[PDB]
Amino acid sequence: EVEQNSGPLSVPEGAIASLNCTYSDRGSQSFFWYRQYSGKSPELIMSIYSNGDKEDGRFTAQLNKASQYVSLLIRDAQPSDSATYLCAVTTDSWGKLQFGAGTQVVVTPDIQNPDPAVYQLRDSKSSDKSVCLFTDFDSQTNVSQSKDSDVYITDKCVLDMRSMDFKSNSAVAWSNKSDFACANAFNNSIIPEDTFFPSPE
């Protein structure tokens, strides 16, 4: 009926992010693309009705009714494009829609000057509690989830210091362990060989 490619898709900044959606009913007449940010609601971004391209800013929808597919291309992708994209197709003449299952798209920043480092940060209210921050690594690094029941490691997150035109990746780790050091977390979600690893002061 309506099928979208599975995902998640990881796209480097500046490249084209693309989604394809095939449909079974040759006589389908309306085709939609929706964008949905994490934990928000789907918003319509494009509708398309005839063969070829339809352009809106960095978005291009394309329709091929002979091969029965519709696609969304995101040109010059940026991290803020990261979202779930869903196609929808009309299935009757009352307006019923069938949605594809959605594809998660993550656009990774272009890190021109990696400065990977692991830092230990202390609580503002209590010097006794701390977290670890692995930051400034290039987007090809993967942060593996914790394998220890008592250690916690987050997914990597992309931060934009807009005034500085500076983006950076980071991940956070912590534990309620007495013997716990930062290297216990960040080195199974392995760091690169040029990581700056200052001793805690």
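Numbering starts at 1 and follows the sequence shown.
**Student:** So, looking at the entry's B-factor column for Cα atoms, which has the higher mean, 2-10 or 192-200?
**Tutor:** That would be 192-200.
**Student:** Mean C-alpha B factor from the entry: is it higher for 109-117 or for 124-132?
**Tutor:** Result: 124-132.
**Student:** Among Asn176, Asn64, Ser47, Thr60, where is the Cα B factor highest in this entry?
**Tutor:** Each of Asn176, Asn64, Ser47, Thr60 was compared by C-alpha B-factor; the highest is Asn176.
**Student:** Among the candidates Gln68, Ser170, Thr154, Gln140, give the one with the maximum CA B-factor reported in the record.
**Tutor:** The C-alpha B-factor peaks, among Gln68, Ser170, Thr154, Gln140, at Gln140.
**Student:** Lowest, middle or highest third: where is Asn20 by C-alpha B factor in its chain?
**Tutor:** Its C-alpha B-factor belongs to the middle third of this chain's values.
**Student:** In terms of the CA temperature factor given in the entry, to which third of its chain does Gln36 belong: lowest, middle or highest?
**Tutor:** CA B-factor rank for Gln36: lowest third.
**Student:** Relative to the other modelled residues of the same chain, rank the CA B-factor of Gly100 and answer lowest, middle or highest third.
**Tutor:** Middle third - that is where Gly100 ends up once the chain's C-alpha B-factors are sorted.
**Student:** Can you tell me which third, lowest, middle or highest, the CA B-factor of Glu43 falls into for its chain?
**Tutor:** Middle third by C-alpha B-factor.
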